[PDB]
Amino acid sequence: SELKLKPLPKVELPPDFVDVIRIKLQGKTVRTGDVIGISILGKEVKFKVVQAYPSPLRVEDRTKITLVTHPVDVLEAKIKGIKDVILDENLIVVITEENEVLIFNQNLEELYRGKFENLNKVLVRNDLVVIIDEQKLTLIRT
């Protein structure tokens, strides 16, 4: 059991902070990507579960807990057969090998999913995504 946590955006640390975390999170179920509030020294402190191994995970006394210190949010998305990726202002447009078009925002939240038998083009400009086959024009607004 591994818990990789990231304080948001900071934490005042008491002595033996690991024992405290273990006691406060004892028996809880945790998944990768979760955000958990923990009462420390009388004040609420949020932690992003950067990684739970495995996920989900039940926090036990044997669970190893580490602090993540990078001032950056890491977000992942499993996508089968990525043909091309287009990047605009807080827009991420992914086209798959089977002509499926996906639209994500800055938090990597899936804003749009579409299937297109034929697929001539996909254009991106600012808030706009235009999808072109040989029968219709599809416009998607963010």
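Counting begins at 1, following the sequence as shown.
Asks: For the stretches 16-24 and 125-133, which has the higher mean C-alpha B-factor as given in the deposited record?
Replies: Mean CA B-factor is higher for 16-24.
Asks: Looking at the deposited entry, does 109-117 or 66-74 carry the larger mean Cα B-factor?
Replies: Result of the comparison: 109-117.
Asks: Sorting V45, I86, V35, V59 by Cα temperature factor from the record, which one lands on top?
Replies: Among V45, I86, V35, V59, the PDB entry lists the largest C-alpha B-factor for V59.
Asks: So among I79, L41, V50, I103, who wins on Cα B-factor in the entry?
Replies: Answer for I79, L41, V50, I103: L41, with the highest C-alpha B-factor.
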